[PDB]
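Presented as structure tokens, the chain that follows is alone, the form deposited in one PDB entry.
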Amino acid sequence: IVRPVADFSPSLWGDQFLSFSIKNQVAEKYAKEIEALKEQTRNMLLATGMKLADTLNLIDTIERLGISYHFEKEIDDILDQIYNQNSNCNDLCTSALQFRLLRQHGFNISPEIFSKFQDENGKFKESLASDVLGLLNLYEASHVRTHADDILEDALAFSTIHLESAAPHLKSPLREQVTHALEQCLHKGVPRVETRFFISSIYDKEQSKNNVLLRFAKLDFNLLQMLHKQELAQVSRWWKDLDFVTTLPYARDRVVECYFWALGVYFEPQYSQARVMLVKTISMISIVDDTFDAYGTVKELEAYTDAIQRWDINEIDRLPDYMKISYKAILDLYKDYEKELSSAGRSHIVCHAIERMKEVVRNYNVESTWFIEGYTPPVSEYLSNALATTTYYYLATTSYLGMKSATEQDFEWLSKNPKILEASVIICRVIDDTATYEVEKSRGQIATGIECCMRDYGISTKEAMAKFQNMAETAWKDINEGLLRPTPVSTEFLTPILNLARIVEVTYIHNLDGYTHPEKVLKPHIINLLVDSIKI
């Protein structure tokens, strides 16, 4: 009877993913060759009498090529040997790479390694300003700082300014790699995205590439992409048979972008079931955010919220017709989840996701009420509600549903809101509010968290946005600290939370709503990961 209309742009993909016939002959050919190159590479790693720097370059290259998930053991064993040896008689380049690789893998190497490259003020020696490879590796390393690493405080600023100064005169592909790093650092990037770029734009054009590794990475990428395309087809069909495109026209039609999201959380083959479960959840809760924001009268959203808490088809008759559509879809979804996990006896664990979703829906209704009433809460009260509305507690919990190694102890840990999870949630919230403002406010909004922060601290819109971006930086330090050993749960269950944070940085790069406006940002990513193969 109202009714908003956000004039949302419609899917730009149409039919093109709906049907994918895997060429089983080609798939077997790639798998055949890859097995050979895998052992060729495993033996590269197990080689002895290698220099520290050669070893680190090898691992770095393998990781960036996106084929390191084949060698978790090997790479672990090497980094552990390096961590425990205390070698540090090296140059900036090697020291910074050593720092980053060990930190990314949970090894708490001391940042004292950088002391020889600084003066008595802890500022980096400007004499290093012409070691471009050293600057490059420091830049990268500077993004894995924790709160205990204040010695690295100058690293980003210092490395950045001299990389920018150097870049135009560098040879290719190094120039392209510097320019790219300045725009998207490795640590905070989505792995498949960074890998596609590296393989195709950098390593393939290096004078000195290892041909075995190059071939390995191209084949493995193109091969996993076939699986991804199968999943998206299967998911596109699921979505199309739901026809929310017409029966729920008010919502954003973005299931492909949702798949990209799930692919960001994990790309590995063994997580196929998990990806498919996750993306269904992502796109489904996306419908709900679109009902509480626009098209949602306070009256109507109330009954829905009560229906979700009670969680029972018997309550559909209490709902407006269009809300019935969404609500049986949700309940049906969770019974699918139950039967899909029925075989593995892991059926019971579904209720962890459900309770998180109830939590999300509850806080959606608060947010709605705040707009209609026009209530601009204190920023503290605002976050105690807005954190869950990111859906990230919920997505994190969902991402475990498909992982077969996930035990109840894992869910119990996740349920207590661990610091790594909250940091990821915080990064999503503050970056969303910076980037999707004003989108929002362009639906005449006033409930926005930015406007809270302005009214609360008596500060300008630009000022508030900074202080928010700052909260994101603090939270990255807590994510990096969350990965350090001993870890509260297996690294396997930490990486999806890290990847959730990465997806935020990537989707809202340059402060734009990449999800609502996939055009500029996400479309290229989707094309490179899901449409175009790597030319062999």
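We call the rigid core the largest set of C-alpha positions that still match within 1.5 Å between the two forms. Numbers for residues come from their place in the sequence shown, where the first is 1.
Of the two segments, 164-172 and 320-328, the one listed with the higher mean B-factor is 320-328 (C-alpha atoms only). Annotation for 403-411 versus 424-432: the higher mean temperature factor (C-alpha) is found in 403-411. Ranking 147, 215, 348, 280 by the C-alpha B-factor listed in the PDB entry places 348 at the top.
In the PDB entry, the Cα temperature factor peaks, among 387, 186, 132, 446, at 446. When the modelled residues of the chain are ordered by C-alpha B-factor, residue 530 sits in the lowest third. In the PDB entry, a CA B factor belonging to the middle third of its chain's modelled residues is recorded for residue 72. Placement of the Cα temperature factor of residue 139 within the chain: lowest third of the modelled residues, per the deposited record.
Among all modelled residues in this chain, the alpha-carbon of residue 470 has a temperature factor (C-alpha) in the middle third.
For residue 383, the recorded CA temperature factor ranks within the middle third of the chain's modelled residues.
Beyond the structure shown, there is the form deposited in another entry, which is absent from this document and is the topic of what follows.
Once the two forms are fitted on their rigid core, between the shown form and the other one the CA displacement reaches 2 Å or more only for 444 among 374, 378, 444, 345. Core-superposed comparison between the shown form and the other one: the C-alpha position of residue 6 differs by no less than 2 Å.
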